[PDB]
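Take a look at this single chain, the form deposited without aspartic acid, given in structure tokens.
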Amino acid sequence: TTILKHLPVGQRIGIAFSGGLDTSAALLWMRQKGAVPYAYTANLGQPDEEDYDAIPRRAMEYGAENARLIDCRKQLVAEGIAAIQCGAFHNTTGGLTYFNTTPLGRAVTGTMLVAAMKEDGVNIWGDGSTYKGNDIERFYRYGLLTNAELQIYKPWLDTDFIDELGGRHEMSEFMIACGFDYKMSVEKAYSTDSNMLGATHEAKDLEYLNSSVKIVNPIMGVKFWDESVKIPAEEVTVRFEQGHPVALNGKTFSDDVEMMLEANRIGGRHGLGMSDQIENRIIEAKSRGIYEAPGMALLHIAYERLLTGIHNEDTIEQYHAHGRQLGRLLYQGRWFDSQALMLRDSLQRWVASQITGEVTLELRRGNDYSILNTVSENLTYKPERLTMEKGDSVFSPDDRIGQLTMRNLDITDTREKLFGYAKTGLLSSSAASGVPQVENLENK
């Protein structure tokens, strides 16, 4: 059996230990009931975390056999950069994009923490991810891809667990009954999950479509919708070498994690990258979220502007189509499946490899920015190529006339189709007024 519904007494069980009430109470309870819990805390460069080292120590205090801090920043940023290179984003509204930051975080922690558990002889993961979300499924696959012998204990399937730690208040009472003066965090009107690529806000009041970003206190940027917050316009340069982001404002970095942290600071000052999406969950039901990803947004804008100046139309269209499809697979927890790897590897090799260049932007408030300059030794755009100024052209007016004439047979075929569609009722006429009129409900 892969899924365990009862606490495996006397056995080693791993817990992805965040340090919050849920994992603190669960770890203490698992130790108290006879299991041997091992805690693993992922360093994800969370914007609202200032003391990762204190977390494993809290796990030991609550009963962990051993507690480790697993650094996942390097891997997280590497996958985030791959996602930018592939345009692996599928939830967009009016062009505004969610950068799939939670899905990227899960691909990294679901594999890395289970690998750390395996290394320690821990083959059971006590994962509390809930039954209505996407993470329960993402963690299930990533964990099993990493350890074929993995078993997953879902505490909420254990009646003994539910009877004692059924909610926040029960858990708080439990900690106190166990001798720990636990202090709960201040309640918010929504729930937040974050990593150094982005933050997601959902649930509670954000379940209502008449709530908006205004109820959120951003953790990676400023409240740009508040007129009293001063945000001076700022010029910023983003430079890539073979698809890899290497410099911001003319400066290079010791590693990609430092680069991403600076991208976040720059975008954050403006509130760049925030969006509000209604999305389709893996289970085919909709949820709503508010998102932040300042650095990812900054890199995305510059990367796409260079793409438009370097690649041909067929290639750009394959980037958009394959990237969206890849974004959906990423969201589904299938980032390492063959159908995703084949799209990601393709886009990195043939599209991203040629993205060498620099884009200059002026950032103002929120998503309001302007492109100021675009340069690249690989540009196929050239000011002289299609200019009507001066002269000297690769093709002549007579050449274009020949190209137009080559369209004649197909134009005749299309006209004949218009007559055919009018005869079969799909068009009112192939003309009337001149413009063909399609016969459907939207034709007023």
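Rigid core: the largest C-alpha set superposing within 1.5 Å between the two forms. In case it trips you up, residue 1 is the first one in the sequence shown, and so on.
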Task: At least a third of the other entries leave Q32 unmodelled - done: no
Task: Missing coords for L44 in a third or more of other PDB entries - done: no
Task: Comparing 31-39 with 409-417, the one whose average Cα B-factor in the PDB entry is higher - done: 31-39
TODO: Quick one: say whether 227-235 or 342-350 has the higher mean Cα B-factor in the deposited entry.
DONE: 227-235
Open item on the list: Comparing recorded Cα B-factors across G133, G87, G309, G179, which one is largest?
Closed with: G179
- [ ] Name the residue from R141, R73, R324, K251 with the greatest C-alpha temperature factor listed in the entry.
- [x] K251
Open item on the list: Can you tell me whether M184 has a C-alpha B-factor in the lowest, middle or highest third compared with the other modelled residues of the same chain?
Closed with: highest
- [ ] Ordered by C-alpha B-factor within the chain, which third holds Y369? Give me lowest, middle or highest, please.
- [x] middle
- [ ] Would you mind checking where the Cα B-factor of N147 ranks among the modelled residues of its chain, as the lowest, middle or highest third?
- [x] middle
Task: Third of the chain, ranked by Cα B-factor, where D205 sits - done: middle
TODO: Going by the recorded CA B-factors, say which third of the chain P294 sits in, lowest, middle or highest.
DONE: lowest
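What comes next is about the form solved in complex with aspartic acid, which is not displayed.
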Task: Placed ligand check: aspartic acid in the deposited bound form, overlay by site C-alphas, backbone/C-beta within 2.4 Å - done: open
Open item on the list: Given the stretches 231-239, 128-136, 254-262, 350-358, which is the single one in contact with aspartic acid in the deposited bound form, using a heavy atom cutoff of 4.5 Å?
Closed with: 128-136
Task: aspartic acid: the contacting residue among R364, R281, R328, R269 in the deposited bound form [heavy atom, 4.5 Å] - done: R281
- [ ] Only one of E202, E164, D120, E304 comes within 4.5 Å of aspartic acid in the deposited bound form by heavy atoms, so just point that one out.
- [x] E202
Open item on the list: Quick check for you: superpose on the rigid core, then look between this form and the one not shown for a C-alpha move of 2 Å or more. Which of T159, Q339, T308, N217 is it?
Closed with: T159
- [ ] Verify the C-alpha shift of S433 between this form and the one not shown: is it 2 Å or more after superposing the core?
- [x] yes
